[PDB]
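Have a look at the structure below before the remarks.
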Number of protein chains: 6
Amino acid sequence: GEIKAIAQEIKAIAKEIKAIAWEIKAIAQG
Amino acid sequence: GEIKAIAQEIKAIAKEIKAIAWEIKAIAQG
Amino acid sequence: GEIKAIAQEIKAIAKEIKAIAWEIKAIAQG
Amino acid sequence: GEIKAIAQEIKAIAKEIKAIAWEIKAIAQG
Amino acid sequence: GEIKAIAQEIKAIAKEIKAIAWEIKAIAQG
Amino acid sequence: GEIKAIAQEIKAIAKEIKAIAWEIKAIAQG
């Protein structure tokens, strides 16, 4: 239900934070 | 219903941590 | 009741985290 | 009861995230 | 209890964004 | 069940972000 849907959206946000962190690492390395 | 309301606020906080990470990337870039 | 009242306190905290993210955006832009 | 106790612990975690966000703002400004 | 666990992981992620911001500040400074 | 499984996946993502943060520090230091 809705609590599962909210948990899934928090997981999606965490994946986007990981992608941003990876981009910051690439910028720092270049 | 109140646990769902709390979960929605945790989701909102996760979105703001993503927003902060995005701004750290902007600082890293220039 | 009390769990709703706690959820409302967490909503206020989430708004302050959003305000901090907005301040970091202003810092990144300056 | 126990759901109230859990809600109070989630509020404490939200406050801790706010403190971390405030540290990030100070770091970004320095 | 699982919403608390997710909140704890958002706190952990915020701490890692703080660690990244520390490094990005140093890079921006020179 | 599924909310616990999602919480565990968010923990795994938090560990990936921690690894990226560690590597950014190593890059900054080198």
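What follows is calculated from the coordinates using simple rules that are stated; it is not laboratory data. Methodologically, a virtual Cβ is constructed for each residue, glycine included, from the backbone with ideal geometry; neighbour enumeration extends over all protein chains shown.
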Phi angles of region D:3-17, converted by Karplus (6.51 cos²θ - 1.76 cosθ + 1.60, θ = phi - 60°) into ³J(HN,Hα) in whole Hz with x for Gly and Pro, give 5, 4, 4, 5, 4, 4, 5, 5, 4, 4, 4, 4, 4, 5, 5
Note, region D:22-30: 3J(HN,Hα) by Karplus (6.51, -1.76, 1.60, θ = phi - 60°), whole Hz, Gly/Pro = x, goes 5, 4, 4, 4, 5, 5, 4, 6, x
Expressed in angstrom and ordered largest first, the alpha-carbon extents of the protein assembly as shown along the principal axes are 53, 31, 21
Nearest-0.05 FRET efficiency for F:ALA19 and A:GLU9 at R0 = 25 Å, using Cβ-Cβ distance, is 0.60
